[PDB]
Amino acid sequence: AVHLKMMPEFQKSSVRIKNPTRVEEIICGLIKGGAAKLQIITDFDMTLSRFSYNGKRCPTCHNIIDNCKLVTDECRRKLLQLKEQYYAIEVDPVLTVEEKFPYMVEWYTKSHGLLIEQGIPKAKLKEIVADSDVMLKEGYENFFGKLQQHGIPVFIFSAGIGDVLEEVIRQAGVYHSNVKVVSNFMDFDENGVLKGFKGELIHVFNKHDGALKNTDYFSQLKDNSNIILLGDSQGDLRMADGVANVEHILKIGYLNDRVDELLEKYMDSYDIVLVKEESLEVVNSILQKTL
């Protein structure tokens, strides 16, 4: 039986849970199914990576390029201006989520376009990443490590830059065979220089589309009908729309930002809400009982 009161990880004051009996019920299903039924579906930026460190604001995948030695101060000035005008839209309370899609497409297209101008070589990503201030959440070795040890599928589903994301996890030692990455991948020219992006754009609001266009992945995993989903946004709740059959799904949300405004909405939509939390120990605690 599961008792959240007897799990010291769940007592941390950052842990918010609207409906604990329900959460206990889901975690109980997870444990019953064991490794054989489990898979993980997860965002990356600010979910598997830190929102802030000591006492500092950490980079997203996109920020890593924004801030590197290959990008001019004027290009960063333009990128910042883009952020200021489009982030106001993203967080606009009057506009419907659907109204925001065209704007989000414009933002990722424009900002990607500025980086294509800067001339980013694939060869240089390794060093750019090594030099960056990127940080994985506390407990990531264990997270990725228990998962790989048990062969649990991990679908990292990111609106960031896939090449960057992969280099971060590769340099961290945790890009194992069980880890599949779906993101915005860079398209390179004859000289190995960035010239555009592959596929359809993934942004914060359209993860349902991507989730459905990954049929091959999810149908090989028919038997993994127990899911842990981790996300930092309302948009991330759609990441599991492609899943063949669901028996138990647990949705864990990192609330990093806009805490007062969004807490009630996050508590309503995610089963567990983690408020300004820089570690993976709640999820590690559930894997410990499960695997």
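For every residue, the number given is its place in the sequence shown, counted from 1.
- prompt: Between 177-185 and 213-221, which has the larger average Cα B-factor in the PDB entry?
  reply: Per the deposited B-factors, the answer is 213-221.
- prompt: With respect to the recorded C-alpha B factors, which stretch has the higher mean value, 48-56 or 63-71?
  reply: Going by the record's values, the stretch with the higher mean is 48-56.
Where the record places residue 42 (Cα B-factor, split into thirds across the chain): It belongs to the lowest third of the chain when residues are ordered by C-alpha B-factor.
- prompt: For residue 278, does the deposited CA B-factor place it in the lowest, middle or highest third of the chain?
  reply: Answer is lowest: the recorded C-alpha B-factor places it there.
task: Ordered by C-alpha B-factor within the chain, which third holds residue 112? Give me lowest, middle or highest, please.
output: Its C-alpha B-factor, which the entry lists for residue 112, ranks in the middle third among residues of this chain.
- request: Tell me, lowest, middle or highest third: where does the Cα B factor of residue 4 rank within its chain?
  value: According to the entry, residue 4 has a C-alpha B-factor in the chain's lowest third.
message: Can you tell me whether residue 201 has a C-alpha B-factor in the lowest, middle or highest third compared with the other modelled residues of the same chain?
response: Within its chain, residue 201 is a lowest-third residue by C-alpha B-factor, going by the deposited values.
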